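Text of query_15.cif (mmCIF, N, CA and C atoms) as supplied:
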```
data_start
#
loop_
_atom_site.label_atom_id
_atom_site.label_comp_id
_atom_site.auth_asym_id
_atom_site.auth_seq_id
_atom_site.Cartn_x
_atom_site.Cartn_y
_atom_site.Cartn_z
N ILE A 1 191.44 122.61 151.18
CA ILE A 1 191.80 123.64 150.22
C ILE A 1 191.24 123.31 148.84
N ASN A 2 191.26 122.03 148.46
CA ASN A 2 190.71 121.63 147.18
C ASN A 2 189.21 121.88 147.12
N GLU A 3 188.49 121.58 148.20
CA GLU A 3 187.06 121.86 148.24
C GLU A 3 186.79 123.35 148.08
N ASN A 4 187.53 124.18 148.82
CA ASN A 4 187.31 125.62 148.73
C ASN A 4 187.67 126.16 147.35
N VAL A 5 188.75 125.65 146.76
CA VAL A 5 189.17 126.12 145.44
C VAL A 5 188.17 125.70 144.37
N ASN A 6 187.63 124.49 144.48
CA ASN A 6 186.59 124.06 143.56
C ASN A 6 185.34 124.92 143.71
N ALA A 7 184.99 125.28 144.94
CA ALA A 7 183.86 126.19 145.15
C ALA A 7 184.10 127.53 144.48
N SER A 8 185.30 128.09 144.63
CA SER A 8 185.62 129.36 143.99
C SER A 8 185.57 129.25 142.48
N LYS A 9 186.12 128.16 141.93
CA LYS A 9 186.13 127.97 140.49
C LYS A 9 184.71 127.81 139.95
N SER A 10 183.84 127.14 140.70
CA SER A 10 182.44 127.06 140.30
C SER A 10 181.77 128.43 140.36
N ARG A 11 182.11 129.23 141.37
CA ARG A 11 181.55 130.58 141.47
C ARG A 11 181.96 131.46 140.30
N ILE A 12 183.20 131.36 139.85
CA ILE A 12 183.74 132.26 138.83
C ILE A 12 183.50 131.74 137.42
N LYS A 13 183.45 130.42 137.23
CA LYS A 13 183.44 129.83 135.90
C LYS A 13 182.18 129.04 135.57
N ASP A 14 181.55 128.40 136.54
CA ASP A 14 180.42 127.53 136.24
C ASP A 14 179.19 128.34 135.85
N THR A 15 178.32 127.72 135.06
CA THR A 15 177.11 128.37 134.58
C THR A 15 176.04 128.37 135.66
N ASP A 16 175.41 129.53 135.87
CA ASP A 16 174.19 129.61 136.65
C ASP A 16 173.04 129.26 135.72
N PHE A 17 172.51 128.04 135.85
CA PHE A 17 171.56 127.54 134.87
C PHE A 17 170.27 128.35 134.86
N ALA A 18 169.81 128.83 136.02
CA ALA A 18 168.59 129.62 136.06
C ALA A 18 168.74 130.91 135.25
N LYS A 19 169.82 131.65 135.50
CA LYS A 19 170.05 132.90 134.79
C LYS A 19 170.21 132.67 133.30
N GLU A 20 170.92 131.61 132.92
CA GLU A 20 171.17 131.38 131.50
C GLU A 20 169.92 130.89 130.78
N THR A 21 169.08 130.09 131.44
CA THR A 21 167.81 129.71 130.83
C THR A 21 166.90 130.92 130.67
N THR A 22 166.88 131.82 131.66
CA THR A 22 166.11 133.04 131.52
C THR A 22 166.63 133.89 130.36
N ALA A 23 167.95 134.00 130.23
CA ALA A 23 168.54 134.76 129.14
C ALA A 23 168.23 134.13 127.79
N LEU A 24 168.26 132.79 127.71
CA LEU A 24 167.94 132.11 126.46
C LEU A 24 166.49 132.33 126.07
N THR A 25 165.57 132.26 127.04
CA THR A 25 164.17 132.53 126.75
C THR A 25 163.97 133.97 126.28
N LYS A 26 164.63 134.92 126.94
CA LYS A 26 164.53 136.32 126.52
C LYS A 26 165.07 136.50 125.11
N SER A 27 166.20 135.86 124.79
CA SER A 27 166.77 135.95 123.46
C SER A 27 165.84 135.36 122.41
N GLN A 28 165.21 134.22 122.72
CA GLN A 28 164.28 133.62 121.77
C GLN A 28 163.08 134.52 121.52
N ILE A 29 162.53 135.11 122.59
CA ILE A 29 161.38 136.01 122.42
C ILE A 29 161.78 137.24 121.62
N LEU A 30 162.96 137.81 121.91
CA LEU A 30 163.42 138.97 121.16
C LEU A 30 163.63 138.63 119.69
N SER A 31 164.19 137.45 119.40
CA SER A 31 164.39 137.03 118.02
C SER A 31 163.06 136.88 117.29
N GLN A 32 162.07 136.26 117.95
CA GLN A 32 160.76 136.10 117.32
C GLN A 32 160.10 137.45 117.08
N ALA A 33 160.20 138.36 118.04
CA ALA A 33 159.62 139.69 117.87
C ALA A 33 160.29 140.44 116.72
N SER A 34 161.62 140.35 116.63
CA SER A 34 162.34 141.01 115.55
C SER A 34 161.97 140.41 114.20
N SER A 35 161.82 139.09 114.13
CA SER A 35 161.41 138.45 112.88
C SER A 35 160.01 138.89 112.46
N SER A 36 159.08 138.96 113.42
CA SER A 36 157.73 139.41 113.10
C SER A 36 157.73 140.86 112.62
N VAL A 37 158.50 141.73 113.29
CA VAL A 37 158.56 143.12 112.86
C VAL A 37 159.20 143.24 111.49
N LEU A 38 160.20 142.41 111.19
CA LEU A 38 160.80 142.42 109.86
C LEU A 38 159.80 141.99 108.80
N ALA A 39 159.01 140.94 109.09
CA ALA A 39 157.99 140.50 108.16
C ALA A 39 156.95 141.59 107.93
N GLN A 40 156.67 142.39 108.96
CA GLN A 40 155.68 143.49 108.80
C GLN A 40 156.33 144.62 108.01
N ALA A 41 157.61 144.87 108.26
CA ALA A 41 158.31 145.99 107.64
C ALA A 41 158.60 145.76 106.17
N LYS A 42 158.68 144.51 105.74
CA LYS A 42 158.93 144.28 104.32
C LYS A 42 157.75 144.69 103.42
N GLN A 43 156.63 145.16 103.97
CA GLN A 43 155.43 145.47 103.19
C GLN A 43 155.24 146.96 102.94
N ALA A 44 156.16 147.81 103.40
CA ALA A 44 156.06 149.24 103.16
C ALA A 44 156.11 149.57 101.66
N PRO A 45 157.03 149.00 100.88
CA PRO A 45 156.99 149.25 99.44
C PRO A 45 155.74 148.70 98.76
N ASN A 46 155.02 147.77 99.38
CA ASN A 46 153.68 147.44 98.88
C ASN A 46 152.76 148.65 98.97
N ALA A 47 152.81 149.37 100.09
CA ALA A 47 152.05 150.61 100.20
C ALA A 47 152.53 151.64 99.19
N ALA A 48 153.84 151.65 98.90
CA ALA A 48 154.35 152.52 97.84
C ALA A 48 153.76 152.14 96.48
N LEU A 49 153.69 150.84 96.19
CA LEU A 49 153.18 150.37 94.91
C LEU A 49 151.69 150.65 94.77
N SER A 50 150.95 150.58 95.87
CA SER A 50 149.51 150.85 95.82
C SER A 50 149.21 152.26 95.34
N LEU A 51 150.15 153.20 95.51
CA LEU A 51 149.96 154.56 95.03
C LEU A 51 150.19 154.69 93.53
N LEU A 52 150.79 153.69 92.89
CA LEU A 52 151.09 153.76 91.46
C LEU A 52 149.91 153.20 90.67
N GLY A 53 149.26 154.05 89.90
CA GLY A 53 148.13 153.64 89.09
C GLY A 53 146.84 153.50 89.88
N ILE B 1 176.26 152.70 111.72
CA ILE B 1 176.67 153.76 110.80
C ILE B 1 176.13 153.50 109.41
N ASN B 2 176.17 152.24 108.96
CA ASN B 2 175.65 151.89 107.64
C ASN B 2 174.14 152.11 107.57
N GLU B 3 173.42 151.73 108.63
CA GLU B 3 171.99 152.00 108.68
C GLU B 3 171.70 153.49 108.56
N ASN B 4 172.42 154.31 109.33
CA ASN B 4 172.19 155.75 109.27
C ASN B 4 172.57 156.33 107.91
N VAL B 5 173.64 155.81 107.29
CA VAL B 5 174.06 156.30 105.99
C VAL B 5 173.02 155.97 104.92
N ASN B 6 172.47 154.75 104.96
CA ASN B 6 171.41 154.40 104.02
C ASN B 6 170.17 155.25 104.24
N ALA B 7 169.82 155.49 105.51
CA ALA B 7 168.68 156.36 105.80
C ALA B 7 168.91 157.76 105.27
N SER B 8 170.14 158.26 105.37
CA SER B 8 170.47 159.56 104.78
C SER B 8 170.32 159.52 103.27
N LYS B 9 170.88 158.49 102.63
CA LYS B 9 170.89 158.42 101.17
C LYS B 9 169.48 158.29 100.60
N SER B 10 168.55 157.72 101.37
CA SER B 10 167.18 157.62 100.89
C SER B 10 166.57 159.01 100.69
N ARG B 11 166.89 159.95 101.58
CA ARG B 11 166.30 161.28 101.51
C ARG B 11 166.84 162.13 100.37
N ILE B 12 168.01 161.81 99.83
CA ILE B 12 168.60 162.56 98.73
C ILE B 12 168.39 161.86 97.40
N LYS B 13 168.75 160.58 97.32
CA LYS B 13 168.74 159.85 96.05
C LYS B 13 167.43 159.15 95.76
N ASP B 14 166.82 158.50 96.75
CA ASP B 14 165.61 157.73 96.50
C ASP B 14 164.42 158.65 96.28
N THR B 15 163.46 158.16 95.51
CA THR B 15 162.31 158.96 95.09
C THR B 15 161.17 158.83 96.09
N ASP B 16 160.34 159.87 96.14
CA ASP B 16 159.11 159.87 96.92
C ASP B 16 157.98 159.43 96.00
N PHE B 17 157.47 158.22 96.22
CA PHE B 17 156.48 157.66 95.31
C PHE B 17 155.18 158.45 95.32
N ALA B 18 154.76 158.95 96.49
CA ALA B 18 153.53 159.73 96.56
C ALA B 18 153.65 161.01 95.74
N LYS B 19 154.72 161.78 95.98
CA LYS B 19 154.92 163.03 95.26
C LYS B 19 155.11 162.77 93.77
N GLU B 20 155.84 161.71 93.41
CA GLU B 20 156.09 161.44 92.01
C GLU B 20 154.83 160.98 91.28
N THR B 21 153.98 160.17 91.92
CA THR B 21 152.72 159.80 91.30
C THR B 21 151.81 161.02 91.13
N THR B 22 151.78 161.90 92.14
CA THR B 22 151.00 163.12 92.00
C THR B 22 151.51 163.98 90.85
N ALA B 23 152.83 164.11 90.74
CA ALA B 23 153.42 164.89 89.65
C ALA B 23 153.13 164.27 88.29
N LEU B 24 153.21 162.94 88.20
CA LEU B 24 152.91 162.26 86.94
C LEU B 24 151.46 162.48 86.54
N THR B 25 150.53 162.38 87.50
CA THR B 25 149.13 162.65 87.19
C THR B 25 148.94 164.09 86.74
N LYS B 26 149.58 165.04 87.42
CA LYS B 26 149.47 166.44 87.04
C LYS B 26 149.98 166.67 85.62
N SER B 27 151.12 166.06 85.28
CA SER B 27 151.66 166.20 83.94
C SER B 27 150.74 165.56 82.90
N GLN B 28 150.14 164.42 83.24
CA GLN B 28 149.22 163.78 82.30
C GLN B 28 148.02 164.67 82.01
N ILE B 29 147.43 165.27 83.05
CA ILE B 29 146.30 166.17 82.83
C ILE B 29 146.73 167.42 82.08
N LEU B 30 147.92 167.95 82.39
CA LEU B 30 148.40 169.12 81.66
C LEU B 30 148.58 168.81 80.18
N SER B 31 149.15 167.64 79.87
CA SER B 31 149.34 167.25 78.48
C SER B 31 148.01 167.04 77.78
N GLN B 32 147.04 166.42 78.46
CA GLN B 32 145.73 166.22 77.86
C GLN B 32 145.05 167.56 77.57
N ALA B 33 145.12 168.49 78.53
CA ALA B 33 144.52 169.80 78.33
C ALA B 33 145.18 170.55 77.18
N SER B 34 146.52 170.52 77.11
CA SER B 34 147.20 171.20 76.02
C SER B 34 146.89 170.57 74.67
N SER B 35 146.78 169.24 74.62
CA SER B 35 146.42 168.57 73.37
C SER B 35 145.02 168.96 72.93
N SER B 36 144.06 169.00 73.86
CA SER B 36 142.71 169.43 73.51
C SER B 36 142.70 170.87 73.04
N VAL B 37 143.46 171.74 73.71
CA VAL B 37 143.49 173.14 73.31
C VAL B 37 144.13 173.30 71.94
N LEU B 38 145.16 172.52 71.62
CA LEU B 38 145.76 172.61 70.29
C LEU B 38 144.82 172.09 69.22
N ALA B 39 144.09 171.01 69.52
CA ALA B 39 143.10 170.51 68.58
C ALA B 39 142.00 171.53 68.34
N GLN B 40 141.65 172.31 69.37
CA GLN B 40 140.68 173.39 69.19
C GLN B 40 141.28 174.60 68.49
N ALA B 41 142.59 174.82 68.65
CA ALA B 41 143.27 175.97 68.06
C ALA B 41 143.52 175.79 66.58
N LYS B 42 143.77 174.56 66.14
CA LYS B 42 143.93 174.29 64.72
C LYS B 42 142.64 174.49 63.93
N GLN B 43 141.57 174.93 64.60
CA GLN B 43 140.28 175.20 63.97
C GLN B 43 140.05 176.69 63.73
N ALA B 44 141.09 177.51 63.87
CA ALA B 44 141.02 178.93 63.52
C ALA B 44 141.10 179.13 62.01
N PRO B 45 141.94 178.39 61.28
CA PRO B 45 141.91 178.53 59.81
C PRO B 45 140.57 178.21 59.19
N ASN B 46 139.74 177.36 59.81
CA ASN B 46 138.42 177.13 59.22
C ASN B 46 137.51 178.34 59.43
N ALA B 47 137.67 179.04 60.55
CA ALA B 47 136.99 180.32 60.71
C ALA B 47 137.47 181.31 59.65
N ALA B 48 138.77 181.32 59.39
CA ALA B 48 139.32 182.21 58.36
C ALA B 48 138.72 181.90 56.99
N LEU B 49 138.63 180.61 56.64
CA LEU B 49 138.09 180.25 55.33
C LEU B 49 136.60 180.55 55.24
N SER B 50 135.86 180.31 56.33
CA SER B 50 134.43 180.53 56.33
C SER B 50 134.05 182.00 56.48
N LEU B 51 135.02 182.87 56.77
CA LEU B 51 134.75 184.31 56.81
C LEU B 51 134.02 184.76 55.55
N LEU B 52 134.67 184.63 54.40
CA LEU B 52 134.05 184.87 53.10
C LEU B 52 134.99 184.38 52.01
N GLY B 53 134.42 183.68 51.03
CA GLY B 53 135.19 183.16 49.92
C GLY B 53 136.09 182.00 50.29
#
```
Show this structure as structure tokens.
Amino acid sequence: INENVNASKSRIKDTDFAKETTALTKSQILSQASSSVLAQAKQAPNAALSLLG
Amino acid sequence: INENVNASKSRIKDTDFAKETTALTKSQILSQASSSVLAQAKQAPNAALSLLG
């Protein structure tokens, strides 16, 4: 019973390392993409300023 | 909601730099033309004096 209960507890509570590493990689790529898009987006008022004078 | 509210407020309160620069240029040319025309108009009394006597 202890073996079966430990198996159930691992199923419900333990980390699936493959899925979590994939999720971490996806999160890192999304964060880098968002940072790059933010760096690109901060230059729109530069285009606004280019119209002045 | 805050993002959408700021996007809304930009369309009412914030200025359009393209339209405003175009308007400023138009006003500058209008003022220059009116100044030149007034400088030419203040030359009617010299026609009056040179008429005779």
Identify every residue of chain B that has at least one atom within 9 Å of any atom of chain A, counting only C-alpha atoms, and report the result as a count of residues only. 4
Please produce chain B as a compact mmCIF listing (two decimals) with N, CA and C atoms, keeping the file's coordinate frame once it has been superposed on chain A, the fit using all Cα atoms paired in sequence order.
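And here is the file that came out, result_28.txt:
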```
# COMPACT_ATOMS: atom_id res chain seq x y z
N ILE B 1 191.25 122.40 151.17
CA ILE B 1 191.67 123.46 150.25
C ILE B 1 191.13 123.20 148.86
N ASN B 2 191.15 121.94 148.41
CA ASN B 2 190.62 121.59 147.10
C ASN B 2 189.12 121.83 147.03
N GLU B 3 188.39 121.46 148.09
CA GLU B 3 186.97 121.75 148.15
C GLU B 3 186.69 123.24 148.03
N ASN B 4 187.43 124.05 148.79
CA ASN B 4 187.21 125.50 148.73
C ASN B 4 187.60 126.07 147.37
N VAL B 5 188.66 125.53 146.74
CA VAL B 5 189.08 126.02 145.44
C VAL B 5 188.03 125.69 144.38
N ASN B 6 187.47 124.48 144.42
CA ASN B 6 186.40 124.14 143.48
C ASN B 6 185.17 125.01 143.71
N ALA B 7 184.83 125.25 144.98
CA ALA B 7 183.70 126.14 145.27
C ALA B 7 183.94 127.53 144.73
N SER B 8 185.18 128.02 144.83
CA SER B 8 185.52 129.31 144.23
C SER B 8 185.37 129.27 142.72
N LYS B 9 185.91 128.23 142.09
CA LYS B 9 185.92 128.16 140.63
C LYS B 9 184.51 128.04 140.06
N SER B 10 183.57 127.49 140.83
CA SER B 10 182.20 127.40 140.36
C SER B 10 181.60 128.80 140.16
N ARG B 11 181.94 129.74 141.04
CA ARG B 11 181.36 131.07 140.97
C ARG B 11 181.91 131.91 139.83
N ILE B 12 183.07 131.58 139.29
CA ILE B 12 183.67 132.32 138.18
C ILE B 12 183.45 131.62 136.85
N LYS B 13 183.79 130.33 136.78
CA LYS B 13 183.77 129.60 135.51
C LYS B 13 182.45 128.92 135.22
N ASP B 14 181.84 128.28 136.22
CA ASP B 14 180.62 127.52 135.97
C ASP B 14 179.44 128.45 135.75
N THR B 15 178.47 127.97 134.99
CA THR B 15 177.33 128.78 134.57
C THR B 15 176.19 128.67 135.57
N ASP B 16 175.37 129.72 135.62
CA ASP B 16 174.14 129.73 136.41
C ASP B 16 173.00 129.31 135.49
N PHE B 17 172.48 128.10 135.72
CA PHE B 17 171.48 127.55 134.81
C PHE B 17 170.19 128.36 134.82
N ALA B 18 169.78 128.86 135.99
CA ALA B 18 168.56 129.66 136.07
C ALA B 18 168.69 130.93 135.24
N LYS B 19 169.77 131.69 135.48
CA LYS B 19 169.98 132.94 134.75
C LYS B 19 170.17 132.67 133.26
N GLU B 20 170.88 131.60 132.90
CA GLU B 20 171.13 131.33 131.50
C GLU B 20 169.86 130.88 130.78
N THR B 21 169.00 130.08 131.42
CA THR B 21 167.74 129.72 130.81
C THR B 21 166.84 130.95 130.64
N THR B 22 166.82 131.84 131.65
CA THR B 22 166.06 133.07 131.50
C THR B 22 166.57 133.92 130.35
N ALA B 23 167.89 134.03 130.24
CA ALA B 23 168.49 134.80 129.14
C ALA B 23 168.19 134.18 127.79
N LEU B 24 168.25 132.85 127.70
CA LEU B 24 167.94 132.17 126.44
C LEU B 24 166.49 132.41 126.04
N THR B 25 165.56 132.32 127.01
CA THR B 25 164.17 132.60 126.70
C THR B 25 163.99 134.05 126.25
N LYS B 26 164.64 134.99 126.92
CA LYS B 26 164.55 136.39 126.54
C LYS B 26 165.06 136.61 125.12
N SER B 27 166.19 135.99 124.78
CA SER B 27 166.73 136.12 123.43
C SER B 27 165.80 135.49 122.40
N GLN B 28 165.18 134.35 122.74
CA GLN B 28 164.25 133.72 121.81
C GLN B 28 163.06 134.62 121.52
N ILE B 29 162.48 135.23 122.56
CA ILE B 29 161.36 136.15 122.34
C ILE B 29 161.80 137.39 121.59
N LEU B 30 163.00 137.91 121.89
CA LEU B 30 163.49 139.07 121.16
C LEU B 30 163.66 138.75 119.68
N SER B 31 164.22 137.58 119.37
CA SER B 31 164.40 137.18 117.98
C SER B 31 163.07 136.98 117.28
N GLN B 32 162.09 136.38 117.97
CA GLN B 32 160.78 136.19 117.37
C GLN B 32 160.11 137.54 117.08
N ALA B 33 160.20 138.47 118.04
CA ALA B 33 159.61 139.79 117.84
C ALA B 33 160.28 140.52 116.68
N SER B 34 161.61 140.48 116.61
CA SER B 34 162.30 141.15 115.52
C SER B 34 161.98 140.52 114.17
N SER B 35 161.85 139.19 114.12
CA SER B 35 161.48 138.52 112.87
C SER B 35 160.08 138.93 112.44
N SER B 36 159.13 138.98 113.37
CA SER B 36 157.78 139.42 113.02
C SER B 36 157.79 140.86 112.55
N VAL B 37 158.56 141.73 113.22
CA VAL B 37 158.60 143.12 112.81
C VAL B 37 159.24 143.27 111.44
N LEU B 38 160.26 142.48 111.12
CA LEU B 38 160.86 142.56 109.79
C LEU B 38 159.91 142.05 108.72
N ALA B 39 159.17 140.98 109.03
CA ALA B 39 158.17 140.49 108.09
C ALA B 39 157.08 141.52 107.85
N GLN B 40 156.74 142.31 108.88
CA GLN B 40 155.78 143.40 108.70
C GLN B 40 156.40 144.60 108.00
N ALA B 41 157.71 144.80 108.15
CA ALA B 41 158.40 145.94 107.56
C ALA B 41 158.64 145.76 106.08
N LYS B 42 158.88 144.52 105.64
CA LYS B 42 159.03 144.25 104.22
C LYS B 42 157.74 144.46 103.43
N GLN B 43 156.68 144.91 104.10
CA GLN B 43 155.39 145.20 103.48
C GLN B 43 155.18 146.69 103.23
N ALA B 44 156.22 147.50 103.37
CA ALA B 44 156.17 148.92 103.01
C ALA B 44 156.25 149.11 101.50
N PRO B 45 157.08 148.36 100.77
CA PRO B 45 157.04 148.50 99.30
C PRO B 45 155.70 148.19 98.69
N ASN B 46 154.86 147.35 99.31
CA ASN B 46 153.54 147.14 98.73
C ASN B 46 152.64 148.36 98.94
N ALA B 47 152.81 149.06 100.06
CA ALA B 47 152.15 150.35 100.21
C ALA B 47 152.64 151.33 99.15
N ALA B 48 153.93 151.32 98.89
CA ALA B 48 154.49 152.20 97.85
C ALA B 48 153.88 151.90 96.48
N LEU B 49 153.78 150.61 96.14
CA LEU B 49 153.23 150.25 94.83
C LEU B 49 151.74 150.57 94.74
N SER B 50 151.00 150.34 95.84
CA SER B 50 149.58 150.58 95.84
C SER B 50 149.21 152.05 95.99
N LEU B 51 150.19 152.91 96.27
CA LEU B 51 149.94 154.35 96.31
C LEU B 51 149.21 154.81 95.05
N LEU B 52 149.86 154.67 93.90
CA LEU B 52 149.24 154.91 92.60
C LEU B 52 150.17 154.41 91.51
N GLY B 53 149.59 153.71 90.53
CA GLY B 53 150.35 153.18 89.42
C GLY B 53 151.23 152.01 89.79
```
Need the axis-aligned box for range 12-24 of chain A with 4 Å each side, so what are the centre and edges in Å to one decimal, as AutoDock Vina command-line options?
```
--center_x 174.9 --center_y 131.1 --center_z 133.0 --size_x 25.6 --size_y 15.2 --size_z 21.8
```
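Straight-line separation from atom N of residue 7 in chain B to CA of residue 44 in chain A: 15.3 Å.
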Atom N of residue 27 in chain B to CA of residue 11 in chain B, distance in Å rounded to a single decimal: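 For atom N of residue 27 in chain B relative to CA of residue 11 in chain B, the distance reads 22.7 Å.
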Can you list, as a PyMOL selection string, all residues belonging to chain A that DSSP tags as helix (DSSP H, G or I)? chain A and resi 2-13+17-41+44-50
